[PDB]
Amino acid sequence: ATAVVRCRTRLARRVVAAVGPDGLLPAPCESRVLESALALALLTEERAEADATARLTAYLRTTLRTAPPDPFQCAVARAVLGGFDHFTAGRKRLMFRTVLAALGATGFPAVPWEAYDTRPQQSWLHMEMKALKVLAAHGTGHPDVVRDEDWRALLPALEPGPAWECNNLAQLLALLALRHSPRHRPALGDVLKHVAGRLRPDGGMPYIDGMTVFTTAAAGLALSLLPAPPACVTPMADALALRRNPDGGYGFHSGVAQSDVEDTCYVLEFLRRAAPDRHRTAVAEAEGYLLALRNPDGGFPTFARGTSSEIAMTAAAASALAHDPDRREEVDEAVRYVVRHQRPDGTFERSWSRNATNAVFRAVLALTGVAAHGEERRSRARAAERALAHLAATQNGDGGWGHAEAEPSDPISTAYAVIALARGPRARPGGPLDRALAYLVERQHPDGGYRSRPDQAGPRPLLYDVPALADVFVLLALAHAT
């Protein structure tokens, strides 16, 4: 067949081979400068784990020369070795300033202590903010400001074993605060040993344990779009469904009790295609989870109602709930939210991904997948057309797309664009979709896989790197488009 189908086939073989007999696609996260630096500071201040501290130190220096990250993380690493268009901005300015001050690189924000108090949402955001407030209280010489409720938010960080909610950043920040408390120091020795035991072969500390639930769901979805899905989709559906949380949603990795809309939508889309009856109850519990989260403006948040609806989250929930005709009223209200928020140049937003193409792909699938007729058909078709025109206008000479219009191409950003474009008109020779496919064919590695700069962000906008996602998302693009 075509070079595209051959590329698709080699890739599917690789993705199938990487699924384990437990039905999971392992998705470890790479070392990150930020957490390595924090781990370095914590162990150093406690005069602990000299072996780990030297490895951490070599990793940080090696990475600064050869693959240095964003400037915030470099300045964090330098402190230890010695624009944002989003509703979260501000809280992030406070968070990132306090981190650098805690490490002695800048002054503590001269803000009222209530600045650090946040509504209940993401389980670990509360812990992170409380930890930073404690570090600022003690850093500025006002330890008596710390309330007993501030300390109590940090207690999960003193549990043995892997970090609570798989978040090394949250635990490290909490531990850096807790070591200032005599009441809590008896539990510290034991966790410092498990922390030191987390180093990766290259000597660094990853942001999170991994993203196996998200990655297995995306891979299962891609495999289920193939002409003949492999057999392993059933054990993958089983592995996801048995990990569902009591609220019916899904976290990003094994042992994440915090559900989120993005993970739940990928599990939901996947189970609807590969196991709608075998996993009928899991499917219905996931729709219930999404429906209970919906905001009154028609949109959907990431984690918790009452927090800002997001475009991509709202687009993802519209596609995921479209299958059942009984949610037409909620699905349509979601798609209208997407249309209302399209920007003047056809784009949408950056959030959990750092490229523009991610939100476009979500938006376009919601806009074209929910069947529609009449004036609302016209209105959605126009919105979708402007999103695909935006893609055509920012396509790079090699046929791919980067994180930003003037950025070098990468396979993941390109994969998102292809999914969107496969919903447009038929690939004409030398058309944008045709050229993006040619870009993906040419970037296939000899081992059948893809190496791509990462797109996942957390805390936004800091990138972290789960390499298994590159194969998964390119496969999802190739499956959608063929």
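Numbering starts at 1 and runs along the sequence shown.
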(message) Our gap detector needs a label for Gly82 to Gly83. Which class matches the unmodelled residues of the deposited sequence there: none, 1 to 3, 4 to 9, or 10 or more?
(response) 10 or more
(request) Give the stretch, out of 107 to 115 and 395 to 403, with the larger mean C-alpha temperature factor in the deposited entry. (result) 107 to 115
(request) Could you check which stretch, 429 to 437 or 414 to 422, carries the larger mean CA temperature factor in the entry? (result) 429 to 437
(message) For the CA B factor values reported in this entry, which option in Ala37, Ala50, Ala27, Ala457 has the top one?
(response) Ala50
(request) Please pick out which of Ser123, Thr264, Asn167, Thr357 has the largest Cα B-factor as recorded in the entry. (result) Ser123
(request) Quick one: classify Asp247 as lowest, middle or highest third of the chain based on its Cα B-factor. (result) lowest
(message) Splitting the chain's C-alpha B-factors into thirds, which one does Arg61 fall into?
(response) highest
(message) Using only modelled residues of the chain, where does the Cα B factor of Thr98 rank: lowest third, middle third or highest third?
(response) middle
(message) Lowest, middle or highest third: which one holds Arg327 when the chain's residues are ordered by CA B-factor from the entry?
(response) highest
(message) Using the temperature factors of the C-alpha atoms in this entry, rank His445 within its chain: lowest, middle or highest third.
(response) highest
